[PDB]
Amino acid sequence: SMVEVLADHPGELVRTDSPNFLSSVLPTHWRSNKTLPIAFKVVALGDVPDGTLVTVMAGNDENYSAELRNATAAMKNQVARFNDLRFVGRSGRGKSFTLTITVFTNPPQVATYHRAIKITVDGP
C-alpha cells in the first residue's frame, strides 16, 4: 500500500505525476556525465512483477531526447534502482529537461519526474 511503501523509505520518496509511482530525489542542476549523488529509484505503488523494466528519457522543446547512460533498471519488490544513471546531454544554463519514466507493465505506463533537471558542462 502507499502507506506501507512510504514507511519503508520515510523521508526519501517524492510524487511523480502518476498516482501509481513515486521516485527518489534527483538534483535540480547537475554536471554532465557526473555520477549522481543519490542513485535513482522508481517505486511502484501498484502491482508490478519482478523483472519489469523501467526506462527513463530526458528532453525539452529543443532537444527531444538528450543522451543518458544506464537509463534502464528492473523492478524488484516494487523498486527499480538504477545503478548508475547519468545525464550526458546538456540542457545548457537557460533551459532544463523533463524526465519521463516508462514502466513496462502490460501495457506500459508513463510517469514524469516531479521537477525539471538542468544539465550543464560544469554543473552547479
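Residue numbers run from 1 along the displayed sequence.
- Higher mean CA temperature factor between 5 to 13 and 108 to 116: 5 to 13, per the PDB entry.
- Between the stretches 51 to 59 and 23 to 31, it is 51 to 59 that shows the larger average CA temperature factor.
- The entry assigns its greatest Cα B factor, within the set 36, 79, 66, 99, to 79.
- Per the deposited record, 45 carries the highest C-alpha B-factor of all listed residues (42, 85, 45, 88).
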